[PDB]
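A.B. asks: First the structure, then my questions, so here it is.
There are 4 protein chains.
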Amino acid sequence: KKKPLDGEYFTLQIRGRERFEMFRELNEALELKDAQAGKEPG
Amino acid sequence: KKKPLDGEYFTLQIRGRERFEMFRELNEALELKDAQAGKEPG
Amino acid sequence: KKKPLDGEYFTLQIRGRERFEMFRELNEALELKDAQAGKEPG
Amino acid sequence: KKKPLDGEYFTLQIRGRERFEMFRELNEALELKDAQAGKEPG
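Chains as they are written, first to last, in full-length UniProt numbering: chain A, 319 to 360; chain B, 319 to 360; chain C, 319 to 360; chain D, 319 to 360.
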């Protein structure tokens, strides 16, 4: 796949397990849009 | 300080440096409210 | 389409136009996952 | 108070009552930081 350079990844400490699940959903949610954003124009 | 048990901390990989700054603001923003939430009733 | 009952919609005032675009992305991002979550099991 | 011009406010429709409470917390959380950000330097 060789891949382009993916956006630099950063780690983040999140207090509260509940908050982590919430942040994960927002994280995965943005990643999902990004996968479709990677769709060619048209 | 001995401290109570703080909420279990979790790490999260965030793609995109811009997204990290954004997630950090939400993270710090929630932590700030939590510091005031730790305020005694009354 | 008759539709099932969609989740009750709520309006929210967001200060700062920049914040609005940011909140909109998170909003649309969650809605996108929801559209795929509406996918039948399997 | 006369006030400066506050950031232009924008309304946003949020599906799911649960999501609304979540978005409200992030909204209030950012507003709280903004109130302290309005603190003079020093």
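Ideal Cβ placement from N, Cα and C applies to all residues, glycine included.
1. Measure the beta-carbon distance from B/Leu344 to D/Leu350 and round it to whole angstroms, keeping in mind my assumption that it falls under 8 Å.
2. Closer than 8 Å by beta-carbon distance: list the chain C residues that pair up with A/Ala347, in chain order.
3. If you run the structure through DSSP and keep just helix, strand and coil, what is A/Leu323?
4. Chain D beta carbons: is any one of them nearer than 7 Å to that of residue 363 of chain C?
5. Out of curiosity, what's the CA-to-CA distance linking C/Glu346 and B/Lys319?
6. Verify whether the separation of the beta carbon atoms of A/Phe328 and B/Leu330 is less than 7 Å.
7. Mind checking who B/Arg333 pairs with in its DSSP beta bridge?
8. So, is residue 363 of chain D buried or exposed, given that buried needs 16 or more other C-beta atoms within 10 angstroms?
9. Quick check on DSSP: helix, strand or coil for A/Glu339?
10. Look up A/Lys351 in the DSSP assignment and say whether it is helix, strand or coil.
C.D. replies: Quick answer:
1. About 12 Å; that fails the 8 Å criterion.
2. Here the neighbours are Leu344, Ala347, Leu348, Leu350 and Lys351.
3. Residue state, collapsed to three classes: coil.
4. Here chain C covers residues 319 to 360 and nothing more, so residue 363 of chain C does not appear.
5. In this structure, the CA atom of C/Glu346 is about 43 Å from the CA atom of B/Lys319.
6. The answer is no: Cβ separation not under 7 Å.
7. Note: B/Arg333 is bridge-paired with A/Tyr327 in the DSSP secondary-structure output.
8. With chain D covering 319 to 360 only, the question about residue 363 of chain D has no answer from this structure.
9. DSSP, reduced to helix, strand and coil, places A/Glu339 within a helical segment of the structure shown.
10. Correct three-state label for A/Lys351: helix.
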